[PDB]
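Taking the form deposited in one PDB entry, here's one chain by itself in structure tokens.
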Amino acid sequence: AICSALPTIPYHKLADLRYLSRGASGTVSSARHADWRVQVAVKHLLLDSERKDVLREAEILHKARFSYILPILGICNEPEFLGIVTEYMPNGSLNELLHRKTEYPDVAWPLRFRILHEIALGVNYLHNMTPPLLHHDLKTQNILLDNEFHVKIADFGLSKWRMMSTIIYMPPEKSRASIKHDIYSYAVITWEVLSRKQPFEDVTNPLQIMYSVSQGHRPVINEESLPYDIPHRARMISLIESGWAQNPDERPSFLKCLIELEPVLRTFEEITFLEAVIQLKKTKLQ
């Protein structure tokens, strides 16, 4: 009954456009809104089909608003520019946090587990929509972190509306159920977050990754990839291994993951998150 139109942001109101990153789908730049006095991020690419792609992603973000989804502030739809405008995330992506070990020599476990929990919450919300929305392109580069390192899921270019129950996060290719797609990616992201290593480190051609996963093989789980000092390491490993099970029916729902995670996160006090973020921003200086 209650319907909301996505605001149309005039391009001329976006000032100080500066390149932040160039990806497969577009270019993300920071900017300042002249009227609202806030900083925004602009993702821009035109063939009418790709214009439809951009508009489709904008509408999906608009309908999928939630606490852990990148909040879209508007769409810029002009003759000379087509871009999605979202909140600006000063702390980049989960990828940077996990792998730039000079910037972030230490990332305290409480922060990692809160990130994992919030990814699970956001994706569960998506899967609980009507109809359920399947993200199908989760990766540590899609997960942005706001000023206090809370998750914002992004990149909804590869998405579907029909659930029932780069490629390093893609499940292997019988009767096929693509409801269990996101959970495989989440398993890989979990292994990544807990290991701070690149999945399939020794692989030089991504097709090697496809062949290995199709053969039932996954990122290595041993003391080197996952030290034994990981909180709830056994439960987390079980979560991971069920998440990337070769059979999609063996993979849990995101609700099961939240059920399985709640005690794990409960082991940490809420203040430790803030402490870890302050340690992060202090050691990143100097």
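Numbering starts at 1 and follows the sequence shown. Whichever C-alpha set is largest while still superposing within 1.5 Å between the two forms counts as the rigid core.
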Determine, among the other compared PDB entries that model residues flanking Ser238, whether at least a third leave it unmodelled.
no
Coordinates lacking for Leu47, a third or more of other entries
yes
Note how many residues of the deposited chain are left out of the model between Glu173 and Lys174; the options are none, 1 to 3, 4 to 9, and 10 or more.
4 to 9
Report, from the record, the number of residues in the deposited sequence between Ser178 and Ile179 that have no coordinates, as none, 1 to 3, 4 to 9, or 10 or more.
none
Between 26-34 and 63-71, the record assigns the higher mean Cα B factor to 26-34
Mean CA B-factor: is it higher for 193-201 or for 155-163?
155-163
Member of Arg233, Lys256, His217, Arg56 with the greatest C-alpha B factor (per the PDB record):
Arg56
Grab the CA temperature factor for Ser49 from the record and place it in the lowest, middle or highest third of its chain.
highest
Relative to the other modelled residues in the chain, which third contains the C-alpha temperature factor of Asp249: lowest, middle or highest?
highest
Ordered by C-alpha B-factor within the chain, which third holds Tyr169? Give me lowest, middle or highest, please.
middle
Of the three thirds of its chain by CA temperature factor, lowest, middle or highest, which one includes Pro79?
highest
How does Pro90 rank on Cα B-factor within its chain, lowest, middle or highest third?
highest
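Just so you know, the form deposited in another entry exists too; it's not on screen, but the next bit is about it.
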Please name the single residue among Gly92, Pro105, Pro206, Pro71 whose Cα shifts by at least 2 Å between the shown form and the other one after core superposition.
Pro206
After the core is overlaid between the shown form and the other one, has the C-alpha of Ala24 moved by 2 angstroms or more?
yes
Inspect the rigid-core superposition and answer whether the C-alpha of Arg51 shifts by 2 angstroms or more between the shown form and the other one.
yes
Core-superposed comparison between the shown form and the other one, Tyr186 Cα displacement 2 Å or beyond:
no
Explain in one word, closer or farther, how the Cα atoms of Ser253 and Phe156 are placed in that other deposited form relative to this form, where the distance changes by 3 Å or more.
farther
Relative to what we see here, could you say if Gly26 and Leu61 have their Cα atoms closer or farther apart in that other deposited form, with a change of 3 Å or more?
farther
